[PDB]
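What follows is one chain in structure tokens, specifically the form deposited without 2-oxoglutaric acid (AKG).
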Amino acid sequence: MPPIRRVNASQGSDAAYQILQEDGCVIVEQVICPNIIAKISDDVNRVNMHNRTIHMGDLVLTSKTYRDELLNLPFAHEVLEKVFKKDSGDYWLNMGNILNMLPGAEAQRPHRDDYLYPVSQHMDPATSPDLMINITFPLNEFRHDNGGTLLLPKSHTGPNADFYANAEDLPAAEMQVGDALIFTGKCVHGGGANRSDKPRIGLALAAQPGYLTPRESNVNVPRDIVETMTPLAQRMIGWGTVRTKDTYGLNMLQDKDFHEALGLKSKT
């Protein structure tokens, strides 16, 4: 049973990406200031449930720090561009979600996320493009006992299967506020059972190539809030054109670039 491997963010995004290529998962330690997560955690806190797990989206409206600091985190965009740029091109958010795993929440059947898109089932996982990257920021401490994400490392190249592993056999992502788990959509994984007394809160961001439809649309966000954000974070939440590896533009408006057609102001 391989371990979940780790690197400090000070060691560089390429180290984290090498482990992500070899294992399909990596824990990056100290990748974002804990105060950033603390603000975000208040925004979320001062505000939809299955298997004792509370899901909450709309983070663009809920939190200015998410909108500004998290969506722009350079380490994450370096790793993401390593993953998507040559095979797929521009990436953007599939969704961003808080997951509040209450006590009594039960571990899920280990699975691949990229099952969500049906094409993944007609491509060879050994040689196919990655369709999803997931970045999870603990909002409180992640341990095995409180349901920290279970991962089968090095499971990202084998064929699609109807069974991968029993959740009891798997290691847990154990990490602190300020760290992040990154796993690809071909990594076998699942939430763990929160067998503790306190909730286990994490902030999962799922990014995908720009040619795949986001699960969560941000068409309801006021343009005034969106002109607050950088061009990159606008693109992340779907307010921008996305180009494929072949420079083919999708999400264009009136034959022009999205920002150009709308006259959308940015920041930075």
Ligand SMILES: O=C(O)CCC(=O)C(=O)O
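Residue indices: 1-based, along the sequence shown.
Engineer: Per the record, how many residues of the deposited chain fall between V47 and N48 without being modelled: none, 1 to 3, 4 to 9, or 10 or more?
Structural biologist: Per the deposited record, the segment joining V47 and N48 lacks coordinates for 10 or more residues.
Engineer: If you take the mean CA temperature factor per stretch, which one wins between 178-186 and 93-101?
Structural biologist: Mean C-alpha B-factor is greater for 93-101.
Engineer: Taking the mean of the C-alpha B-factors per stretch from the entry, tell me the winner out of 102-110 and 146-154.
Structural biologist: Mean C-alpha B-factor is greater for 102-110.
Engineer: According to the deposited entry, which of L253, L250, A15, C25 has the largest Cα B-factor?
Structural biologist: The record points to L253.
Engineer: Between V31, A204, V242, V219, which one tops the list for C-alpha B-factor in the PDB entry?
Structural biologist: Of the candidates given, the C-alpha B-factor peaks at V219.
Engineer: Taking the entry's C-alpha B-factors for this chain, is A167 in the lowest, middle or highest third?
Structural biologist: Its C-alpha B-factor belongs to the highest third of this chain's values.
Engineer: By the recorded C-alpha temperature factor, relative to the other modelled residues in its chain, which third is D130 in?
Structural biologist: Its C-alpha B-factor belongs to the middle third of this chain's values.
Engineer: For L71, return the chain-relative third of its C-alpha B-factor as stated in the PDB record: lowest, middle or highest.
Structural biologist: It falls in the middle third of the chain.
Engineer: Name the third of the chain's ranked CA B-factors that contains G191, choosing lowest, middle or highest.
Structural biologist: As the PDB entry reports it, the C-alpha B-factor of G191 lands in the highest third of its chain.
Engineer: Using the B-factor values recorded in the entry, state whether the Cα atom of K86 falls in the lowest, middle or highest third among the modelled residues of its chain.
Structural biologist: Its C-alpha B-factor belongs to the middle third of this chain's values.
This next part talks about the form deposited with 2-oxoglutaric acid (AKG) bound, which is not shown.
Engineer: For the unliganded chain shown, is the site open or blocked after superimposing 2-oxoglutaric acid (AKG) from its bound pose in the bound PDB entry, using a cut-off of 2.4 Å to backbone and C-beta atoms and a threshold of 3 ligand atoms?
Structural biologist: Here the answer is open - the superposed ligand has no atom within 2.4 Å of any backbone or C-beta atom.
Engineer: In the bound PDB entry, which of 81-89, 161-169, 184-192, 119-127 comes within 4.5 Å of 2-oxoglutaric acid (AKG) (heavy atoms)?
Structural biologist: It is the stretch 184-192.
Engineer: Would you kindly say which of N140, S196, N72, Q108 lies with a heavy atom within 4.5 Å of 2-oxoglutaric acid (AKG) in the bound PDB entry?
Structural biologist: After the contact test, the surviving option is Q108.
Engineer: Under a 4.5 Å heavy atom criterion, is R67 part of the interface with 2-oxoglutaric acid (AKG) in the bound PDB entry?
Structural biologist: No - in the bound PDB entry, heavy atoms of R67 and 2-oxoglutaric acid (AKG) never come within 4.5 Å of each other.
Engineer: Taking heavy atoms only, is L102 within 4.5 angstroms of 2-oxoglutaric acid (AKG) in the bound PDB entry?
Structural biologist: Output for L102 is no: heavy atoms all beyond 4.5 Å of 2-oxoglutaric acid (AKG).
Engineer: Does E174 reach 2-oxoglutaric acid (AKG) in the bound PDB entry if we count a contact as any heavy atom within 4.5 Å?
Structural biologist: Close contact is absent here: in the bound PDB entry, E174 is far from 2-oxoglutaric acid (AKG), nothing within 4.5 Å, heavy atoms only.
Engineer: I'd like to check something about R235: if you look in the bound PDB entry, is any of its heavy atoms closer than or equal to 4.5 Å to a heavy atom of 2-oxoglutaric acid (AKG)?
Structural biologist: It does not: once 2-oxoglutaric acid (AKG) is placed as it appears in the bound PDB entry, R235 has no heavy atom within 4.5 Å of it.
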